[PDB]
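Below: one structure, written as structure tokens.
Neighbour counts are summed over all protein chains in view; Cβ atoms, including those assigned to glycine, are modelled from backbone coordinates with ideal geometry. Values in this text are rule-based calculations from the coordinates and carry no lab data.
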Amino acid sequence: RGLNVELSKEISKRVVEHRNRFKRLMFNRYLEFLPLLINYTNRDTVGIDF
Amino acid sequence: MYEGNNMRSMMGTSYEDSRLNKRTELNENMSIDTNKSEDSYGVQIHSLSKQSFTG
Amino acid sequence: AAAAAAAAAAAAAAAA
Amino acid sequence: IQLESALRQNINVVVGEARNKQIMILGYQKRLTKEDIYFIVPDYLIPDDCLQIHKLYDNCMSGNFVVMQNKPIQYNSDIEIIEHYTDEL
Amino acid sequence: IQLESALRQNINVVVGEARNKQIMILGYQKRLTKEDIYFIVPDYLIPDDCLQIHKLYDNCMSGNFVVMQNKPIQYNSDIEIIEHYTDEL
Amino acid sequence: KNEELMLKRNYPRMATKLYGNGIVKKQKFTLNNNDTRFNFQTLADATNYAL
Amino acid sequence: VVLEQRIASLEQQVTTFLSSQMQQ
Amino acid sequence: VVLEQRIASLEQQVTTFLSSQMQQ
Amino acid sequence: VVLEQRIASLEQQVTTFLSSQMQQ
Amino acid sequence: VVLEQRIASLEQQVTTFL
Amino acid sequence: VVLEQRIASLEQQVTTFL
Amino acid sequence: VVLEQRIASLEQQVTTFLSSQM
Amino acid sequence: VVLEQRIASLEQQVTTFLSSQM
Amino acid sequence: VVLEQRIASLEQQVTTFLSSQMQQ
Amino acid sequence: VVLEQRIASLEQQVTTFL
Amino acid sequence: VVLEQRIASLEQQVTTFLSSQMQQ
Amino acid sequence: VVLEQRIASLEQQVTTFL
Amino acid sequence: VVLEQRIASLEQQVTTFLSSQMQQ
Amino acid sequence: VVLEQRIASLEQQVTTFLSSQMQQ
Amino acid sequence: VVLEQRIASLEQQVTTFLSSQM
Amino acid sequence: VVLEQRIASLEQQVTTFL
Amino acid sequence: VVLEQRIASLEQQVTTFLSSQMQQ
């Protein structure tokens, strides 16, 4: 075992983790969505996985 | 033999088969499709298709 | 993808 | 009323046929249920014959004994949420 | 309901035909899938015949076993975003 | 040899082997919803990770 | 019309009894 | 029609299964 | 009509029970 | 009809079973 | 016919008697 | 409804038979 | 639906055949 | 029709039960 | 014809027997 | 009609299985 | 029809295969 | 029509491929 | 109409079996 | 659609021919 | 005619054979 | 009609390939 916790300004590391995780999440979510906006009269007759 | 109600919720209904699924397989085939060195007396080296394994 | 022939047992006899 | 009271104590009831008229019965990867193995609450109206679950064997064909969940996927009982707000209230 | 629960643990289910009636099965550059190499959850209803993915071989012609993604392009699981706001909440 | 040897019996002899039980073997895994989302900056790759 | 339903009911009755003793 | 052929065929298979292999 | 379908269903059940009683 | 004929064949099978 | 239906229930009762 | 009524009568008749040989 | 029912009957018949020679 | 057959059958079963096994 | 359909299933059963 | 298409599909499958059994 | 003729030719091929 | 010619041609190619080169 | 669909289904069945042993 | 189907059949026939002389 | 179309595909197959 | 245009397109392609094979 190994344990000796910092303080309860652990929150001041939890706060910056929330910021860092929010940037990572919002960035890759926004490009997770962005390649589907158009879809253009979806598969009328045409064999394309749009 | 005895009926009662042989379906109870779980492990009274599990002494039978209980959903045989995804049996262990030789879909990729060792000793025939691979472990193979019966490769024909060809002409040239034409291509070896590289695929990014997404799945 | 083409294969060239293999003369694995061809001991060629000719006449003339 | 007797069904919905049974559903909110989370016991999976099973409605089927008894003499073609849908009496309630109690019902406690996919491994299919067929027989009347489960506990049966009515007295003599039991089917005494081929029961089945009528979900995925076909759409509309198999002999009826369908189980009804209170909630499709169960995570927490809502008798705890009703304890959660009533003290704050 | 059993489909959508399977989709949110991100396992690619595959719906096809079993005896012409669309039972679910599990399904885990373009290299095409054809055969029933994948894991199969039902018992005896397997096609035992020519399966295919019905996406781009034609529009509406090939034998059916189509895979359904939860999300078309996957970057982060939304069980993390639900942990992301629930502590702030 | 004497004639009453017809009365003397001779059983066929046996050669057997017993095997018994096999092994139940198991293997488990433990997938998460928060600590894996600290890594895996795209969600679709986390689903691909899962299967 | 009525037969179409009883014929469907008896085929499921045969199928859920064949699987009770099947090799499947 | 062919529905009568189907109803005749399913009684034949029901008699076959319920008489040959098992009682249930 | 529907009573005829019920009468067909009951004789099938009686034949199944008779095959349940006698071995063939 | 044909359904009546099949019903007559089923009662004949029931009588042969008895 | 309805007489066939009447003959079927008597056969059902005789089978239930056995 | 008529069919259901007929079925009920058949069931009751069977029950009656199952209690007495007469 | 009728076609599907016919297919199911064919499959069951095949299954029955696959268990006994009779 | 068959409804008259049903009304005749139910009086027969009522007479049978109320005369044979019990008085109530 | 429907008799051709009946002859086809008997051939299918005979092939499955082999 | 559609049953005729199903009967055509089943004999094609039986012929394919027979060609799977016997080498020619 | 012509589809019936092709179905008859297919049962002939199935019988020749047996 | 020409659809019958196409259905005759595809059975010929199916018989050719499934009889000549392979079993699958 | 029905044939147009079965003829399309069998051509894909031939094409996805020819590619199993193709030079392609 | 019919024309496309015919074209596909022609292509498959050509492919089949390109593998065996028979 | 359709016979001309049939003669054209046989010529196509014979040309692909060569 | 359109199948006739396809048959005209295929014989033109076969003639072009035959002129590709033999020098004239």
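Hey, if you drop one equal point scatterer on each alpha-carbon of the protein assembly as shown and run the Debye formula without solvent, what base-10 log of I(q)/I(0) do you get at q = 0.06 Å⁻¹?
These q points yield log10 I(q)/I(0) values of -0.57.
Compute the Cα gyration tensor for the stretch E:1-67, then decide on rounded, prolate or oblate, letting a ≥ b ≥ c be the square roots of its eigenvalues: rounded whenever a/c is under 1.5, prolate when a/b is larger than b/c in the other cases, and oblate in all that remain.
oblate
For the stretch R:8-24, in order, what is each residue's ³J(HN,Hα) by Karplus, 6.51 cos²θ - 1.76 cosθ + 1.60 with θ = phi - 60°, in whole Hz (x at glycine and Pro)?
6, 6, 5, 5, 5, 5, 5, 5, 4, 5, 7, 10, 8, 8, 8, 9, 7
Return the average number of partner chain Cβ atoms within 10 angstrom of each residue Cβ along peptide B:9-20.
Per residue, the number of nearby Cβ atoms from other chains is 4 on average.
Count the net charge of all other residues whose Cβ sits under 15 Å from the Cβ of G:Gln21, scoring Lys and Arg as +1 and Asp and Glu as -1.
Charge balance in the 15 Å sphere: -3.
Under a point spin-label approximation (7 Å from Cα along Cα-to-Cβ), what is the B:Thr24-A:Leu34 distance to one decimal in nm?
Placing both labels 7 Å beyond Cα along the Cβ direction yields 4.6 nm.
Which order do peptides F:12-24, D:39-51 fall in by mean Cβ count within 10 Å, highest first?
Peptide ranking by packing, descending: D:39-51, F:12-24.
Under the Karplus relation 6.51 cos²θ - 1.76 cosθ + 1.60, θ = phi - 60°, what is the ordered set of whole-Hz ³J(HN,Hα) values for the stretch E:50-62, x standing for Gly and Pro?
Whole-Hz 3J(HN,Hα) from phi for the stretch E:50-62: 6, 9, 7, 8, 9, 8, 10, 4, 8, 5, 9, 10, 6.
Could you list which residues have their amide H under 5 Å from that of E:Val15, counting only those 5 or more apart in sequence or on another chain, with H placed in the peptide plane?
E:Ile25, E:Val66, E:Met68
Give the cross-link partners of E:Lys34 among the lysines, using a straight C-alpha distance below 24 Å as the criterion and excluding same-chain residues fewer than 8 apart.
By straight Cα distance, E:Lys34 reaches B:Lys22, B:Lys36, B:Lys50, E:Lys21, E:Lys55, E:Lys71.
I'd like the orientation of helix A:11-33 relative to chain A: the angle between its Cα long axis and the longest Cα principal axis, in ° from 0 to 90, rounded to 10.
Approximately 10 degrees, to the nearest ten.
Among F:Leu5, F:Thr47, F:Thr36, whose Cα lies farthest out toward the positive end of the dipole of chain F, if unit charges sit on the beta carbon of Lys, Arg (+1) and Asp, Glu (-1)?
After comparing all options, I get F:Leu5.
Quick one: putting +1 on the C-beta of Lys and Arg, -1 on the C-beta of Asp and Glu, what dipole do you get for chain F around its Cα centre, in Debye to the nearest 20?
I would put it at about 420 debye.
Can you find, among M:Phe17, E:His84, T:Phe17, the residue sitting farthest towards the positive end of the charge dipole of the protein assembly as shown, where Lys and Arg contribute +1 and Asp and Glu -1 at Cβ?
E:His84
Using only Cα atoms, locate the centre of chain S and the centre of the stretch D:70-85, then give the distance between them in Å, rounded to an integer.
53 Å
Neighbour counts of other C-beta atoms within 10 Å: give me E:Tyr57, D:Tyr85 arranged from fewest to most.
Fewest-to-most Cβ neighbours within 10 Å comes out as D:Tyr85, E:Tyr57.
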